């Protein structure tokens, strides 16, 4: 299946993941629109593994789109543009224990 890279749209100097990392966590397919607490809508693609990201702040379950998971904000290591969030399980029974949700508008190609 597709296995080529998704890169930072803003700087185009780093690969973040590959299409073979994409998976469906829920019924809403691998990518869907989610609404944040302030009315910003993020088309979020879920991937198992990502690279070239730096994390900001601490994990939080506030307004988590994926019950049982906490988010940590993730930004491009080169340009610091917001790319998505790392999700980490808050209980052992969950699988996967971690994944990444990447916001569609931050990535090239356009999924």
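Positions refer to the first chain, counted from 1. What we label the rigid core is the largest C-alpha set whose atoms superpose within 1.5 Å from one form to the other.
Engineer: Which stretch is less alike in 5 other deposited structures of this protein, 25-33 or 70-78, counting RMS CA distance after the rigid core is superposed?
Structural biologist: The more displaced stretch in 5 other deposited structures of this protein turns out to be 25-33.
Engineer: Which is higher on mean Cα B factor in this entry, 76-84 or 58-66?
Structural biologist: Per the PDB entry, the higher value belongs to 58-66.
Engineer: If you average the CA temperature factors as listed in the entry, which stretch comes out higher, 16-24 or 91-99?
Structural biologist: It is 91-99.
Engineer: Using only modelled residues of the chain, where does the Cα B factor of residue 39 rank: lowest third, middle third or highest third?
Structural biologist: Within its chain, residue 39 is a lowest-third residue by C-alpha B-factor, going by the deposited values.
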